[PDB]
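*Asks:*
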RNA sequence: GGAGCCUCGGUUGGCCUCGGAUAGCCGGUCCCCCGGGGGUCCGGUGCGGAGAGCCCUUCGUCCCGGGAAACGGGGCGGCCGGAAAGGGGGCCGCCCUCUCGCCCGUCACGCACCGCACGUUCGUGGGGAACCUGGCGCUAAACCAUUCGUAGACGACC
């Protein structure tokens with residue numbers, strides 16, 4: 001999968017074809033994170049092919065929509081269960097983030113998993129996205145923001161727009 | 167600027183007391199339309215002057248018909264450009280670009 | 002020594018983006034490079050915003066770390082920020098640039114003729130201050 | 002009485018990495034450094050002024066030593082204020098980095 | 005019509021590549037105080053990186069090989085020549101518009117020197133990373149004039165101080181001049197203040 | 001210290017300067033103390049004693065009125081400061097010049113060349129010839145030959 005742009009969460013459901021043996025196959029609900037709803041469908045069949053003995057041709061997509069976060073204005077401590085791959089075997093990780101949505105917390109995972117562990121997006125299998133309370137957080141770099149009287153300055157203000165006065169006279173300040 | 171002519175050329179006239187420009191034709195393409203208006207909706211533009219008036223017929244000498252019309256429209260705008268403060272000084276001045284001045288950077 | 006702290010309630014000034022030229026108040030601190038920010042009386046919906054597009058003032062107002070928008074507006078109406086902000090020497094020199102930016106060509110002309118005469122009476126006063134300092138100093 | 006053309010630099014021809022096509026020039030208008038502000042000088046007429054030995058005529062004047070090749074900008078180039086420009090003849094390659102004039106008179110305001 | 009750059013604190017390649025475009029576009033550049041240029045990394049690295057450059061000489065006849073320059077300016081002039089098509093004819097037309105100088109000659113110590121802030125140490129380096137002054141590097145590789153140039157720079161530092169010590173006083177009377185002339189310029193001040201010039 | 005012909009060219013208002021810090025500056029006061037420094041205080045710091053700028057700003061005139069200017073604008077001599085690749089940089093006089101020089105207004109006018117392009121410069125430009133007119137000036141040196149042999153194939157060198 002190509003973890004491009006900002007990701008979205010999808011409620012893609014499907015089932016096997018109605019057989020002359022079994023009347024109604026059971027409906028299966030899936031939580032896919034994907035750029036668009038097109039690639040979410042093939043990412044849906046990747047998991048159904050492994051979790052069950054089904055394939056794309058012997059099944060169908062019942063419903064494919066994009067779910068929204070119930071409260072995108074409450075900062076929440078998102079925990080993700082990972083199944084990334086290394087060059088020598090695979091591993092499972094429990095990564096924590098402090099984000100807005102279920103979607104953006106996954107975006108902050110693929111880049112951070114792509115930076116620390118050099119992990120490609122196709123090597124990464126999300127299995128559970130669990131929002132946790134504040135006192136139930138584990139990674140401490142997230143836990144340093146759980147304080148009411150949080151207060152800090154911005155030490156070395158890295159100046160941008162340094163090409164509009166490309167030839168100036170003064171030494172530009174990084175203190176404000 | 168005063169009015170549009172038939173052909174599409176414009177009737178743009180400088181104050182001869184300020185600009186040394188007569189009733190003259192000038193195409194709209196070669197024009198910097200400044201956002202500075204004077205209410206010339208009360209002047210009386212002469213109907214006898216038209217596109218054939220300003221044709222290059224055939242040494243140019245200002246004909247005695249021509250020196251009438253420059254005076255007759257002047258008698259209303261010349262007080263009007265003095266009812267506006269520092270306007271007759273604006274028209275004597277000539278447009279130019281200095282160092283560090285960019286037309287796309289400014290508004291006029 | 003620092004005086005500008007990213008805390009809950011410091012008014013900040015958004016630098017770039019579609020909210021440039023606007024005030025905004027920091028509600029929650031998301032991460033090191035992203036903050037939950039809100040300006041109710043300045044046409045900016047509560048959204049996540051990075052720390053680049055903000056230039057913090059020293060206007061601080063007390064309310065909880067995740068208080069909703071009505072409790073943001075009343076504290077903004079308790080301290081009366083917009084009257085306080087327009088009186089600052091910071092906001093006045095922002096307003097002075099756009100006036101010199103929107104300055105009409107004729108407005109560019111009257112200011113030039115006045116610039117010529119405002120500098121002479123400065124220059125002539127310097128001259129009488131030049132020679133009269135050279136009398137008492139000897 | 003003052004300069005009524007903007008300052009323009011002839012950086013080079015339209016080139017790829019190892020091929021160039023002389024039929025358009027690449028101008029660097031002084032003042033513009035992004036695509037958004039290139040919109041104003043789009044369409045305006047541009048000219049290269051140089052002088053030669055033999056005297057050549059001047060429309061409305063004594064025959065001078067100066068010659069011109071007229072052109073106009075086609076479209077904006079890059080993301081940093083650069084602009085393409087096509088002339089009547091190809092610009093001679095001695096004009097690299099010299100000053101050409103971008104007059105305003107095809108203005109649309 | 006002349007670019008006058010001060011070399012204190014600008015990063016070598018980041019400064020050279022910027023002026024390399026400018027010098028090709030027919031704008032004469034004179035770079036001043038080339039000893040103040042700063043390179044990234046610890047000094048032992050930048051020193052050893054240049055000692056390897058001296059080592060790359062012509063084996064059969066060293067009079068024809070790479071002409072290792074020792075002065076700070078000609079070191080900085082060399083890296084500009086690397087970022088320039090010098091083998092062309094238009095490249096030779098570029099190289100002469102460059103005029104590098106160790107310290108400040110008389111044509112420039114009473115002129116305003118510009119700076120390139122897109123290439124500067126205090127922004128384009130993380131403050132914990134190490135960095136080496138080029139004045140030390142050239143001195144320790146064969147340059148002979150770190151000490152005599154330093155005596156000349158210690159001349160103009162107090163020489164231009166007298167100009168600044170006077171210039172403050174020349175305008176402390178000027179801002180004192182407006183304090184007694186306001187009621188005959190306020191009708192010229194407000195027409196400057198309503199268009200944003202004194203506010 | 002005067003006018004034309006060739007030729008090579010580019011360019012079209014200037015900025016006359018602290019030093020330096022960037023987890024810090026900048027300006028004033030000196031109520032404090034040493035010989036300029038240290039220490040504060042009073043104000044600015046998204047730099048407005050801001051290069052996101054400042055300065056010059058240029059249609060030419062002719063009269064009348066107002067505001068500023070009386071110290072100023074504009075003449076020929078000394079005088080210092082300048083060596084890193086040195087300014088015609090300021091100051092003292094001078095016998096002539098105006099409250100013209102600029103800013104607001106009135107008066108009247110300068111091919112108003114009938115729509116059109118290389119316009120408007122730095123330009124007494126660099127350089128080469130011929131011509132200006134006087135003041136001021138100036139009356140060599142190298143190479144060859146010859147000689148030497150501290151030198152040397154020939155040159156060169158002494």
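Chains as they are written, first to last, in the deposited numbering: chain AL20, 1 to 176; chain AL06, 167 to 224, 242 to 291; chain AL14, 2 to 139; chain AL33, 2 to 110; chain AL16, 5 to 203.
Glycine included, every Cβ here is placed at the ideal spot set by N, Cα and C.
For residue 74 (chain AL14), name the three-state secondary structure that DSSP assigns.
*Replies:* helix
*Asks:* My guess is that residue 27 (chain AL14) and residue 21 (chain AL14) are in contact by the Cβ rule of under 8 Å, so how many angstroms apart are they, rounded?
*Replies:* 17 Å between Cβ atoms; not a contact.
*Asks:* Pop quiz: residue 169 (chain AL20) and residue 126 (chain AL16) are said to be a contact at Cβ under 8 Å. What is the actual Cβ separation, rounded to whole angstroms?
*Replies:* 15 Å between Cβ atoms; not a contact.
*Asks:* Is there at least one Cβ from chain AL33 nearer than 8 Å to residue 242 (chain AL06)'s Cβ?
*Replies:* no
*Asks:* Can you list, in chain order, the residues of the stretch 21–41 of chain AL16 whose Cβ is nearer than 7 Å to any Cβ on chain AL33?
*Replies:* 28, 29 and 30
*Asks:* What are the residues of the stretch 157–172 of chain AL20 that lie near chain AL16, defined by any Cβ-Cβ distance shorter than 9 Å?
*Replies:* Listed by position, the residues of the stretch 157–172 of chain AL20 near chain AL16 (Cβ gap below 9 Å) are 158, 159, 162, 163, 165, 166, 167, 168, 169, 170, 171 and 172.
*Asks:* For the stretch 105–126 of chain AL16, list every residue whose C-beta sits within 7 Å of some C-beta in chain AL20, in sequence order.
*Replies:* 116, 118, 119, 120, 121, 122 and 126
*Asks:* CB residue 180 (chain AL06) to CB residue 274 (chain AL06), shorter than 8 Å?
*Replies:* In contact: residue 180 (chain AL06) and residue 274 (chain AL06) (Cβ atoms closer than 8 Å).
*Asks:* Any Cβ of chain AL20 within less than 8 Å of the Cβ of residue 131 (chain AL16)?
*Replies:* With respect to chain AL20, the C-beta atom of residue 131 (chain AL16) has a partner C-beta closer than 8 Å.
*Asks:* To the nearest angstrom, how far is the alpha carbon of residue 90 (chain AL33) from that of residue 70 (chain AL33)?
*Replies:* 7 Å
*Asks:* Taking only beta-carbon atoms, is residue 288 (chain AL06) less than 8 Å away from chain AL33?
*Replies:* yes
*Asks:* Counting only runs of 4+ residues fully inside the stretch 29–110 of chain AL20, write out the alpha helix (DSSP H) ranges in chain order.
*Replies:* 37–51
*Asks:* Leaving aside the five residues before and after residue 7 (chain AL16) along the sequence, list all residues of the same chain whose C-beta is less than 8 Å from its C-beta, in chain order.
*Replies:* 23, 26, 31, 32, 33, 34 and 118
*Asks:* Starting from the Cα of residue 197 (chain AL16), find the closest Cα among 108 (chain AL14), 62 (chain AL14), 78 (chain AL14) and 8 (chain AL14) and give me that residue.
*Replies:* 108 (chain AL14)
*Asks:* Any idea what DSSP makes of residue 258 (chain AL06), helix, strand or coil?
*Replies:* helix
*Asks:* Secondary structure at residue 44 (chain AL16), three-state DSSP: helix, strand or coil?
*Replies:* strand
*Asks:* In three-state terms, what does DSSP make of residue 62 (chain AL16)?
*Replies:* coil
*Asks:* Please list the partners that residue 174 (chain AL20) has in chain AL16, where partner means a Cβ-to-Cβ separation under 8 Å.
*Replies:* 126 and 127
*Asks:* Can you tell me the Cα-Cα spacing of residue 33 (chain AL33) and residue 100 (chain AL14), whole angstroms?
*Replies:* Here the alpha carbons of residue 100 (chain AL14) and residue 33 (chain AL33) stand approximately 21 Å from one another.
*Asks:* Let's test the definition: count the other Cβ atoms within 10 Å of the Cβ of residue 119 (chain AL14) and tell me whether it reaches 16, buried, or not, exposed.
*Replies:* Its Cβ being crowded by 16 or more others within 10 Å, residue 119 (chain AL14) is buried.
*Asks:* Give the secondary structure of residue 91 (chain AL33) by DSSP, where H, G and I count as helix, E and B as strand, and everything else as coil.
*Replies:* coil
*Asks:* Have a look at 104 (chain AL16), 108 (chain AL16), 29 (chain AL16) and 111 (chain AL16) and flag the residue whose alpha-carbon is nearest the alpha-carbon of residue 79 (chain AL16).
*Replies:* Nearest to residue 79 (chain AL16) by alpha-carbon distance, out of 104 (chain AL16), 108 (chain AL16), 29 (chain AL16) and 111 (chain AL16), is 104 (chain AL16).
*Asks:* Count the C-beta pairs between the stretch 176–184 of chain AL16 and the stretch 76–85 of chain AL14 that are closer than 8 Å, then say yes if the count reaches three, no if not.
*Replies:* no
*Asks:* Nearest to residue 40 (chain AL16) by CA position, among 124 (chain AL16), 186 (chain AL16), 57 (chain AL16) and 131 (chain AL16), is which residue?
*Replies:* 124 (chain AL16)
*Asks:* Using the rule of at least 16 other Cβ atoms within 10 Å of the residue's Cβ for burial, across every protein chain shown, is residue 39 (chain AL33) buried or exposed?
*Replies:* buried
*Asks:* DSSP state of residue 147 (chain AL16), grouped into three classes?
*Replies:* Correct three-state label for residue 147 (chain AL16): coil.
*Asks:* Secondary structure at residue 220 (chain AL06), three-state DSSP: helix, strand or coil?
*Replies:* helix
*Asks:* Under 8 Å by Cβ, that's how I've got residue 86 (chain AL33) and residue 25 (chain AL33) pegged, so tell me the actual separation to the nearest angstrom.
*Replies:* 6 Å
*Asks:* How about residue 13 (chain AL33): is its Cβ closer than 7 Å to a heavy atom in the ligand GTP?
*Replies:* The model depicted lacks the ligand GTP and carries no ligand whatsoever.
*Asks:* If I'm right that residue 110 (chain AL20) touches residue 121 (chain AL20) with Cβ under 8 Å, what's the distance once you round it to whole angstroms?
*Replies:* Rounded to the nearest angstrom, the Cβ distance from residue 110 (chain AL20) to residue 121 (chain AL20) is 6 Å, consistent with a contact under 8 Å.
*Asks:* At a Cβ cut of 7 Å, what residues of the stretch 80–102 of chain AL33 count as close to chain AL16, listed as they run along the chain?
*Replies:* 97, 98 and 99
*Asks:* Along the stretch 131–161 of chain AL20, where does the CB come closer than 7 Å to a CB of chain AL14? Name the residues.
*Replies:* Legend: CB atoms of the stretch 131–161 of chain AL20 lying less than 7 Å from CB atoms of chain AL14 belong to residues 145, 148, 150, 151, 152, 153, 154 and 160.
*Asks:* Beta carbons nearer than 9 Å to chain AL33: which residues of the stretch 6–21 of chain AL16 have them?
*Replies:* Under the 9 Å Cβ criterion, the stretch 6–21 of chain AL16 contributes no residue.
*Asks:* Go ahead and label residue 109 (chain AL33) buried or exposed: buried means 16 or more other beta carbons lie within 10 angstroms of its beta carbon, across all protein chains shown.
*Replies:* exposed
*Asks:* Would residue 57 (chain AL14) and residue 5 (chain AL14) be called neighbours here (beta carbons separated by less than 8 Å)?
*Replies:* Result yes, Cβ atoms of residue 57 (chain AL14) and residue 5 (chain AL14) sit closer than 8 Å.
*Asks:* Can you confirm whether residue 169 (chain AL16), when its beta carbon is compared against all beta carbons of chain AL14, has any partner nearer than 8 Å?
*Replies:* By this cut-off, residue 169 (chain AL16) is not an interface position.
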